[PDB]
Every structure is written in C-alpha cells, then in structure tokens.
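Secondary and tertiary structure notes
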Amino acid sequence: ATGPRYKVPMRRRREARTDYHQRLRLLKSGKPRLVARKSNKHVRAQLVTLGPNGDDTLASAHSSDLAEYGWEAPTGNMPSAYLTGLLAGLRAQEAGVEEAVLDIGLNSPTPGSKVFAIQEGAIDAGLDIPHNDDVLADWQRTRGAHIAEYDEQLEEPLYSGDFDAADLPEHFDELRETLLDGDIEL
Amino acid sequence: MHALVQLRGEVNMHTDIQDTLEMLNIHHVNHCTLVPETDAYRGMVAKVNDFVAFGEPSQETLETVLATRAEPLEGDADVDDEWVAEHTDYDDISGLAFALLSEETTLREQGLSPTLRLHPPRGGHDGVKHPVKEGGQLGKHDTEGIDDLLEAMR
Amino acid sequence: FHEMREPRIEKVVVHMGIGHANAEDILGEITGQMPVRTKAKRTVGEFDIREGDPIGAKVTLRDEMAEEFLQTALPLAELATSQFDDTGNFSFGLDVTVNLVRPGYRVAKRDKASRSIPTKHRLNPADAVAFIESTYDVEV
Amino acid sequence: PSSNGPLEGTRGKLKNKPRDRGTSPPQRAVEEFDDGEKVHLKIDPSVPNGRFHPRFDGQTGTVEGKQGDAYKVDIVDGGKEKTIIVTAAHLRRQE
Amino acid sequence: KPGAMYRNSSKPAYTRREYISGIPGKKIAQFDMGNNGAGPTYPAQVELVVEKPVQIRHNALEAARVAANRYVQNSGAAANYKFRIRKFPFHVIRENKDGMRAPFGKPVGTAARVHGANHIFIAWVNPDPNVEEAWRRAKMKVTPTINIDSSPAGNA
RNA sequence: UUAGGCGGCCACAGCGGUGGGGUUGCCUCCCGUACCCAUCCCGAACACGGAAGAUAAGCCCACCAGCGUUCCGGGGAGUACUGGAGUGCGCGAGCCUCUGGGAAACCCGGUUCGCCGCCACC
RNA sequence: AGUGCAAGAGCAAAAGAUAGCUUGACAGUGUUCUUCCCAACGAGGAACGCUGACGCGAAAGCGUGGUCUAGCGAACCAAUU
RNA sequence: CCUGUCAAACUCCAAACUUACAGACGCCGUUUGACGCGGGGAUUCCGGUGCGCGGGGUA
Ligand SMILES: [Cl-]
Ligand SMILES: [Cl-]
Ligand SMILES: [Mg+2]
Ligand SMILES: [Mg+2]
Ligand SMILES: [Mg+2]
Ligand SMILES: [Mg+2]
Ligand SMILES: [Mg+2]
Ligand SMILES: [Mg+2]
Ligand SMILES: [Mg+2]
Ligand SMILES: [Mg+2]
Ligand SMILES: [Mg+2]
Ligand code: NA
Ligand code: NA
Ligand code: NA
Ligand code: NA
Ligand code: NA
Ligand code: NA
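Rules and cut-offs
- Residues numbered from 1 in each chain as written, not as in the entry; some residues may be left out.
- Chains lettered and ligands numbered in written order.
- Part of a larger assembly, values for the part shown.
- Heavy atoms only, no water.
- Near = heavy atom within 4 Å.
- Polar contact = N/O pair within 3.5 Å; in protein donor to acceptor, adjacent residues only side chain to side chain.
- Nonpolar A, V, L, I, M, F, W, Y, C, P; charged D, E, K, R; others polar.
- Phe/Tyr/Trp six-rings, centres within 6.5 Å; stacked < 30°, edge-to-face > 60°.
- Helix = DSSP H or I, 4+ residues; strand = E, 2+ residues; numbered from the N terminus.
- Buried < 20%, exposed > 50% of the residue type's maximum accessible area, 1.4 Å probe, protein only.
- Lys NZ or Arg CZ within 6 Å of the ring centre and 35° of its normal.
- Pairing = 2+ DSSP bridges.
- Axes fitted to C-alpha atoms, helices over the stretch in contact; angles between N-to-C directions.
- Contact = heavy atoms within 4.5 Å.
- Buried area = accessible area lost by both parts, 1.4 Å probe.
- Salt bridge = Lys/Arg side-chain N within 4 Å of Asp/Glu carboxyl O.
- Parallel < 35°, antiparallel > 145°, perpendicular 65-115°, else oblique.
- Left-handed = near helix turned anticlockwise from the far one by under 90°.
- Domains from an automatic or database assignment.
- 1 Å grid on protein atoms, 1.4 Å probe; cavity = no way out; pocket = protein on both sides within 12 Å on 5 of 7 lines; lining within 4 Å.
- Points joined across faces, edges and corners; volume = space filled by probe spheres on them.
- Core = buried A, V, L, I, M, F, W, Y, C linked by side-chain atoms within 4.5 Å.

**Let's talk about the protein's contact with RNA strand H**
In the neighbourhood of RNA strand H, 35 residues make up the surrounding shell, with B:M23, D:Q94, E:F90, E:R94 and E:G105 lying closest. Contact between RNA strand H and E:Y19: a phosphate oxygen at 3.1 Å from a side-chain N or O atom of the residue. One of the backbone nitrogen or oxygen atoms of E:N96 is found 2.8 Å away from a phosphate oxygen of RNA strand H. Partitioned by chemical class, the residues of the surface near RNA strand H number 14 nonpolar, nine polar and 12 charged.

The structure is reproduced here in structure tokens:
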C-alpha cells in the first residue's frame, strides 16, 4: 500500500476470516475438519478436506434445511446447532467419512457453546472426533430447556407468532428421533 | 550441417573445451567432422568457436573431401563411389554427400569414421590469432569461405 | 437512511489519573459500578519507576449507566468546541470522556470479519455537537 | 570465514524479500510426498523448524521414507551420499 | 604526499563512516559559487570533463576550484555567473605509516572518484567565456587530461 | 454465488473514491440478558435468546487509476556489465575487435480497482 | 517496538505484551546433519523420531530449555546415583 | 518544491555466470567390465608462473 517494501496480509487475514496459525495446527491431524460456523439466524456445519486448489467440502448441513425434515422453530439456537451437527454428521457418514477434528474458526471455546453442540451432534451421528465431554452443554440445554423455562417467565410470547407459546424441547426429540433412521438425503 | 576443422592445438586450451572437441570426434589438429545444426550441437560449436573453423560446405566440396579423406570405421580402404555403393545406402559419393548435408544420416551410420583427417592447407590459412571478420581463419565461415579451406586441405 | 445514521453515546470513561487509590470509592458512587486499577508504563522521576503499579482508576459506563451519569456530569461542565474530537468525541473535567458514534460500530469491535468504519460513516465534530447540544444544554 | 557456525554466510539465503515477510501459507507445510519423489530443498526463512543445514539449500533429493512428520531426503553432497531430515515447509515437488 | 599514491581506482570502495573513524575534514570550501541565489538561467554553459577514471584528493579539488573561481574574478566578486563542482570526496584513503606486518593503513584523507567523461565542473555564463580560461587553470591541478566542453552556446 | 461457508495463489488482490442492492433464501447492522458463558470495570467484546426496525456501516454488485503493485509496447539500450578468444591499441590506468549472453534508473503509452477451487443456495 | 547479550537472520489474531496455570530445563534409546563442504577424524552442538511418564488446551496440538547461529573439555583418579 | 553527490560490512532492482536434479544429443562402457565395492603399496602436505577475479600494501 505505502510502497514496494510494504507487506500486505493474506487475503483471508485481511478479511479477518481465517486464523492461519490455528489452521495449521488443525491440518496437522491429517483428518477432515468439522467446520462449525454460526450466523445471527443460522448455524452451518461442513466436513472439509484438503485439496490441490483449495478445500473440498464432502458433507454439510445448514440450520435452514432443517425444516426440510419437520423443523418449525427458530434456527439460531442450541437445539438447532446440535441437529445441524447430527444432520451433517450423518451425510458425512454416508459420504464415507469416519473421523474429523473440530474447527471452530474465530469463535470462542466457551463451554456449552453452540459450536460444541454442533460437535456433539456430529459425534452422535457416528463421526469419531477428538473431544471433551465436560465442555459440552448438559443435554437439557441442548434440548432447548433453557429457552422453555425462559418462556415460563412469559407475560409475552418469547416467539413472535412462530410456533407454540411455551415452546417445545419435545419438538427437538421428535426431530433427533427422525434423523436417526431412513429419510432422504441421509 | 557444418564442417568442423580444428586449427588450434590442445596445449593451454581449456579442458572443458578440449573435451567438447573430443565429443565431436576431433582429437588432432586439422581433423574435420560434420555436425548437424541442432540446438545441442550449436552450443558445442559455440564453445569451441575460437579454436576451430566451421561453416556449411557446398555439395561439390564435401564430395571432393569425402572422396579424398573419408575412411571406413576400420582400415585403409579408399572410400570411392564403388565403396560407397557396396557398403552404404547410397549409390555413390554424391548420394552420400547429399544425405549428410540434408542431415539425413551420418558418417558412422554408414560405417565410416566420424573424422575426416585433412591435410595442412596448401598455401597456408589466414592465421589462428584472428577470426574471419578480421582476416583470420577462426570461427564461422562463408560457404565459399569454408570451401576454400576444405579444398586447400583436400 | 437515518435512524441508522443518528449518533448515540457509546461508553463514558470517568478516570482519576492520580500518581500512586482511596479515590476509587468516590468513582464508585459517582458512577455506580466498580472502578478499575490503572497500571503505568515506563520508569520516571516522579518516583514513578514501578511498571506494574496502581496509579489511578477509570470506569467505563454504557447505556443508562452512562446517561444517568451525564445527566449531572454535563451540567457541571461549560466548555464546547475546539475541545471536541475529530471523531465527534470530547473530554471535560477528575476526567469524564464521552465516546460518540453511529449504529454500525460493532463492525469494528467484533472478532469475526471485523472492519474499520469508513470515513463517511464516521462522526464529525459538528454532527456531534448537534446530537448532544440537542440534549439538555448548549454548544460553545 | 571468520567463524564456522551453520549460519555463516547465510545472510542472503535465509532472508526474505520484504514482501514475502511474515508467516508462510500452511498449504505447503502440510504437503505430502511419496518415496521416490524428487523434491527441491530450500529453507523458508519464515519457518523456524524442520530446517536442514544451509549448505544444502538448492539441492534436489529423493524422498525415501519419513521420520515423525519430517521427511528423509537422500542427496549427494559433492560425491558423498547423505540423508537429510526435513519438513514439507522447506520442500517443493520437482517439475 | 604525491598523487601517485592515490590516483588509481584499484581499491574497494571504502566509504562507510559507520565502520571508519578519524576521517580528516575536507579542504573543499564550497561547491556552489557565484550567484547561487539565481538559477541556471544563462545563455552559455561550459563544463570541465575528466577524460580518465581517477581518484581526486580533496586536496586537488580545493586547489583546482580555487584556481578557477579565484580567477573568475575577471568578472568581479559579485559577478554574474554561477560555478558548480559536482563531485564530493567520498572515498576514504589510508597510508601504512612494523613493516608489512599489520599494514592496514590509517585514515589520512578523502578523494572523489570520477569516471572518464563525467563533468567535475560546470559554469554558467552570458557570452563572456572567461570561464574557459578559469578551467585551463583548473585541469592544471588535477591528475587527468581534460576536455573543456560547452553545451548551451551556438554563439561561436 | 439477488448478498453465504471453507479455501488456494498471497497487492494483478493494497490505499483512496463514486454509483447500486434487500416483506427473506441470505449476510449484517439491529433488539435484548432467564439461562451456558463473560468483562482485573462495563451483555463494549465474548456467550446466549431473539426479530420491532434498517440497507446508513459491513458485505455483495457495477465502476474510477490519483498513490502502491503486476505484466506489456516503444524509447533508454544491444547501452552498463559479462563467459570464451586475440603477436589488436595504450607509458600506464585501461581500451578495442570477434564470439556467446545481456541489465538497472527514468520517460511516454497500455494493463491492473483480483483470479481460481470445493460446498451450499429461486 | 519488543524478543537477556555481538552480528546477521526470524516473528503481529505472534516467536512480542498482559494474566493464569505448569515444571518437557523429564528418564531411556535412537535416526540424521554438523563438528570435518567435497573427504577420513573425538568431545561438543543441532535437527527429527521412538519408548515411558507428565504439563497445558475443547481439540488438533504444543513442550526433547531460552526464536536461530557463541556460552565448551579425553584417558587415569576421586566423590556421587 | 527545486538543486549537487555516494556505499566491502545499503538494496525497490539485477545480469553474465556458477550450481542440484531430470530428459535429449554427444562421447563412453558391457571379450578393452565402465559406474562402483573391498584390499596391498606408495609418493606428497617448502611450490612457482601466465591469464581472469581478487584482499593488503606508495610500490
Ligand atoms: Cl462463525
Ligand atoms: Cl542438515
Ligand atoms: Mg582407422
Ligand atoms: Mg610452402
Ligand atoms: Mg601465419
Ligand atoms: Mg553476499
Ligand atoms: Mg448503500
Ligand atoms: Mg527452539
Ligand atoms: Mg592426568
Ligand atoms: Mg563429585
Ligand atoms: Mg561463485
Ligand atoms: Na513468509
Ligand atoms: Na612488530
Ligand atoms: Na592534468
Ligand atoms: Na491489578
Ligand atoms: Na449496507
Ligand atoms: Na558427535
């Protein structure tokens, strides 16, 4: 920028999207990465492998195409994340993928976070992934209990129209249950 | 195809230059060899450029020299039309000459020694301390230029 | 266009740059939340050679905590103009600084795909005076 | 030389041009080679580990097995056969 | 000491003051002479061109310059002309003043390296070339043979 | 790819600037703290929960060359330097010829305001 | 800028700073390079492994002292485990 | 802004050239056995000169 001697960062570093130091440590395993990403409204999970001209995504799942299986709830929450992880995990298994390492990009390793939920899902789908059980949420929160109880302090629906008034961690079970047998794209 | 004639001795000449002449089958002063005009061969003659005389000879001249100084891979045998015919693919010296010039074959391929051991130039040459452009006898020559040298060393 | 272009107060930093404290107490009551130590850098003649060393405190207030404070701070100040930032900030007073900016600031404060706010979208000294002046007082 | 350490006279070869300065791309530090492949040896100034003795910068050896994540490359120094322990970060496929 | 000892450019460039100390000051008084307030807005421009690469000790530079400018007072102390010596003595020179043991010499002076065909002096005059004479005297005190060259001046 | 995620090359992609775009796939800003989690003080950030509002930031799309960069034409320049050769020149420093290579600065005019891969997606 | 100390080199979501925690400055045994280009030669040094035991981290992983190149010592004898 | 100069321990640049590996031609080797391996015996470790590039030195 300033002159011939100036040093311009790698594009993905400028864009503040890729942590190259963590990337390298990740690639060390030689295993596929379970890319866990979030959006204000959605949660994505991809199983990426290394390629000659860039990464190769072998299996993925987005919180949006969750409805495609009977999801009638918001998609930016814990239960959402887990399921998206399980969905991607299953597709992953179908693709012949057996193991992977969790890549949470620029997110924080906070306990009970959604990326770990995504990791829990992928693991349950059958994917073998290096993890630590007590850094994950306590199932109930994954089910979405923390939100149901939050609506108990109602007075005004937590969900604008949406579905239900007191919400449903049960809807969660119905879905997980669904994903664990048959159905298309899995 | 160019005619190569060593005009300068081995004493004091770089070894990598002397080895090149040897890879081109010339191991003595006044010895001549025919070399295809290829990238590989071009580089070699360029490196030998200061101790040699080279250039494309005329059909006639090559014939004169082939007849006069060509030899079998082994032996005294004169390489005359009959020899050429009874030993090569061609029917006579002219046929062989043309093939060499058009770089279709080589002296070895036709059972001939790769070296035409010429005679010193009758009348003497233009000197081995300067190139042609300066009145000397070193370097690339004219077809008329080479012919004179080759004919004087017939 | 507007609504997302109109200024707002983002944190008000009240700090007492002492030279070695008991002062926190008043900051806590003047603001409403715990103060933070102020270590210093470099060794210097004001018998301030200690690198890591309490030498003052500060308090960053946000939202209501910031307004409810300025609703008494500002009144205790007169100044304006020249004493304003090139980014639409201003400090008066024990110091009390007011950082001002527009709606899309998080873009430059978050971790992922963060980015610097464009000069156009920055807050000018003038555009600042207006906002505040338009909130219980007068400029210059 | 006034000294005889490994980095003697390596001011040039172990320095980066101002623009190639900074952490290197991970792609090439994870590259995988097969036994028999020909690889060019060249230390990446930005990468600290997995290096080899600077005298070999420029060599082109033959990968022949590995040790840990490092590779074992066979080269010929002058007329002597040698084995170099080096990481992908400092290797490149020939051709 | 004779120029014979330093006029040749056969030694390495030796000018890094960060590794050399005790360098004698230069005897060259000025580099811009005449009306330096004015810019080259003159009709005629003559130059003194060195004809061989050599090393010119600051000694010779000063003597050469003085001898020329001191003479350019055929035009007067505040005359209308500007004189410029474009080279500076960057090359530090030594002398081994024990015999050939530990002979790296000690700094004794500086010199300027000039390559054949460069102009060491440039004067600017109105049609009044007394300067051509000022130079006959200047190349008199520097080692090489020289060429007095005129550039803007078709007023022959 | 009517806005996405992971990347490769790592400025041809930087710096600066103009114009355009969203009842929705969307991304954001945004709204909000019961929870998981969090600030040596602040739900600012991090984390979690969520859509009343917006396209003003970001982002995506189209474009501008003033600076920086990449490559090209013409000029500089077959100049500077240089591998090989010489009973060529020069008091010498050094130069010249033949042969094989061959630059940098700078000027003028073009180019460049990224390219490409995998996945997902009215 | 800083990174203990020459000089040169390396480093920015770090190899620097702050905080916290920790003792891998660990035992055993090797491969290789260096010492000694080429090309034989010891001590010493380094790189990279493995076996065992550990530290930290969600994890990939990192830790075979200090970002790299100086900071070193045979046989005999003694003391020590 | 304009204007005057430099670098063995400067570099936004940058040769000729030297150099690792591979293919091609050449030359060479398969009764003259190359490349290489193992063993016996040495001599040698005062060198000099020309040319090119040097560093020191008035030389
Ligand atoms: Cl994310
Ligand atoms: Cl090595
Ligand atoms: Mg015979
Ligand atoms: Mg006679
Ligand atoms: Mg004669
Ligand atoms: Mg060097
Ligand atoms: Mg807009
Ligand atoms: Mg280390
Ligand atoms: Mg003893
Ligand atoms: Mg003892
Ligand atoms: Mg060399
Ligand atoms: Na780098
Ligand atoms: Na003495
Ligand atoms: Na003279
Ligand atoms: Na403290
Ligand atoms: Na926008
Ligand atoms: Na050793």
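**Considerations on the packing of aromatic side chains**
Scanning the entire structure with this criterion turns up 12 aromatic pairs over all chains. Seen in terms of ring centroids, A:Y82 and A:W139 are 5.7 Å apart; in terms of plane orientation they differ by 65°. Their pairing is edge-to-face. Of this pair, A:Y82 sits in helix α3 (residues 78-94) while A:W139 sits in the loop between α4 (114-124) and α5 (140-143), and the two are 57 residues apart along the sequence. You can call A:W139 partly exposed: its relative accessible area is 30%. With centroids separated by 5.3 Å and ring planes inclined at 0°, the aromatic side chains of E:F83 and E:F121 adopt a geometry described as stacked. Judged by relative accessible area, E:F83 falls into the buried class, the value being 2%. Judged by relative accessible area, which is 0%, E:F121 ranks as buried. Feature note: the residues A:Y82, A:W139 and A:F172 constitute an aromatic cluster, connected by ring pairs. Here D:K66 stacks its cationic end above the ring of D:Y71, 4.1 Å away from the centre of that ring. Between E:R94 and the ring centre of E:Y14, over which it is positioned, the NZ or CZ distance is 4.1 Å.

**Observations regarding the sheet that holds strand β3 (residues 56-62) of chain A**
Residue and element names in this part refer to chain A. Pairing is mixed in the open sheet, where four strands are placed in the order β3-β2-β1-β4. Unpaired on one side and paired on the other, β3 and β4 (101-103) mark the two borders of the sheet. Going across the sheet, the axis of each strand differs from the next one's by a mean of 25°, ignoring polarity. Across six bridges, strand β2 (residues 43-49) lies against β3 in antiparallel orientation. Opposite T49, over in β3, you have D56 as the bridge partner. Against the sheet, helix α2 (residues 20-28) touches β1 (33-38) and β4, its axis set at about 165° to β4. Packing of α3 onto the sheet brings it into contact with β2 and β3, and relative to β3 it is tilted by some 140°.

**What about the interface of chain A and chain D?**
Chain A puts 12 residues into the contact, and the matching count from chain D is nine residues. Taken over both partners, the interface formed by chain A and chain D buries close to 990 Å², and the fraction arising from carbon and sulfur atoms is 65%. Across the contact surface, chain A and chain D share zero salt bridges. One can count two residue pairs in polar contact joining chain A with chain D. When grouped by side-chain class, the residues that make up the side of chain A that touches chain D number eight nonpolar, two polar and two charged.

**As for the pattern of salt bridges**
Side chains that carry opposite charge are capable of pairing whenever their charged atoms lie near each other. All names here are of chain A. Evaluated as defined, the whole model comprises 24 salt bridges over all chains. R11 serves as the salt-bridge partner of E15, at 3.0 Å between the closest nitrogen and oxygen. Among the residues examined, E15 registers a relative accessible area of 23% and is labelled partly exposed. What you see here is one network of salt bridges that share partners, running through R23, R33, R37, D55 and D103.

**Here's the deal with the protein's contact with RNA strand F**
Around RNA strand F sit 94 residues in total, of which A:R11, A:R37, B:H130, C:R62 and C:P103 are the nearest. Taking all atoms of RNA strand F within 4 Å of the protein, the share assigned to sugar and phosphate is 70%. Residue A:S39 places a side-chain N or O atom 2.7 Å away from a phosphate oxygen belonging to RNA strand F. A distance of 3.0 Å separates a base nitrogen of RNA strand F from a polar atom in the side chain of E:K52. Among the elements of the structure, α1 (11-14), α2, β1, β2, β3 and α6 (145-152) of chain A together with β2 (36-37) and β3 (57-61) of chain C are those that each provide at least two residues to the surface near RNA strand F.

**Description of the packing of helix α3 (residues 59-69) of chain B against helix α5 (residues 93-101) of chain B**
Residues and elements named next belong to chain B. Running from N to C, α3 and α5 point in directions that differ by 120°, and their axes come no closer than 9 Å. With respect to α5, the axis of α3 lies oblique. Once α3 is placed against α5, the crossing between them reads as right-handed. Between α3, through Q59, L62, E63, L66 and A67, and α5, the contact on the second element is made entirely by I93, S94, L96, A97, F98, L100 and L101. Considered class by class, the residues forming the contact of α3 with α5 number nine nonpolar, two polar and one charged.

**So, the arrangement of the chains**
Of all two pairs of chains in contact, the one with the most contacts involves chains A and D. There is a clear gap between chain A and chain E: no contact, and 24 Å between their nearest C-alpha atoms. Where chain B comes nearest to chain E, the C-alpha atoms are still 29 Å apart, and the two do not contact one another.

**Topic: the domain arrangement of chain B**
Residue and element names in this part refer to chain B. We note that the domain assignment places domain 1 (1-57 + 114-154) and domain 2 (58-113) within chain B. Opposite the 18 residues of domain 1 that make contact, domain 2 presents 18 residues. Summing both partners gives a buried area of about 1600 Å² for domain 1 against domain 2, and 58% of it is carried by carbon and sulfur. Here domain 1 is connected to domain 2 by one salt bridge. Residues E71 and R117 are paired through a salt bridge, measuring 3.0 Å at the closest nitrogen-oxygen approach. Seen at the junction of domain 1 and domain 2, the total is 10 residue pairs in polar contact. If you list the elements that add at least two residues to the side of domain 1 that touches domain 2, you get β4 (116-117) and α6 (143-152). The element best represented in the side of domain 1 that touches domain 2 is α6, accounting for four residues. Across the side of domain 1 that touches domain 2, the residue classes tally to eight nonpolar, four polar and six charged.

**Remarks on the layout of surface pockets**
Roughly 1100 Å³ of volume is contained in the largest pocket. Looking at the largest pocket, it is lined by 33 residues, and the ones nearest its centre are A:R12, A:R17, A:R37, A:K38 and C:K112. For the lining of the largest pocket, the elements supplying multiple residues, two or more each, are α2, β1 and β2 of chain A. Roughly 710 Å³ of internal volume is contained in the second largest pocket.

**Topic: the nonpolar core**
Residues and elements named next belong to chain A. If you look at the biggest cluster of nonpolar residues, it comprises 42 residues, and the most contacted ones within it are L34, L47, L83, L87, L127, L175 and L179. Residue assignment for this core shows that the elements contributing at least two residues are β1, β2, β3, α3, α4 and α7 (169-179). Here this core gets nine residues from one element, more than from any other, and that element is α3. For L175, the contacting residues outside a window of four places in its chain are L66, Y69, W71 and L83.

**What about the interface of chain A and chain C?**
On the chain C side, the residues contacting the seven residues of chain A number five residues. Counting the surface lost from both chain A and chain C, the interface buries some 430 Å², and carbon and sulfur atoms represent 43% of this. Considering only the surface of chain A that becomes buried against chain C, A:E15, A:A16 and A:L106 emerge as the three largest contributors, covering 64% of it. Where chain A touches chain C, the interface holds zero salt bridges. Residues of the side of chain A that touches chain C, tallied by class, amount to two nonpolar, one polar and four charged.

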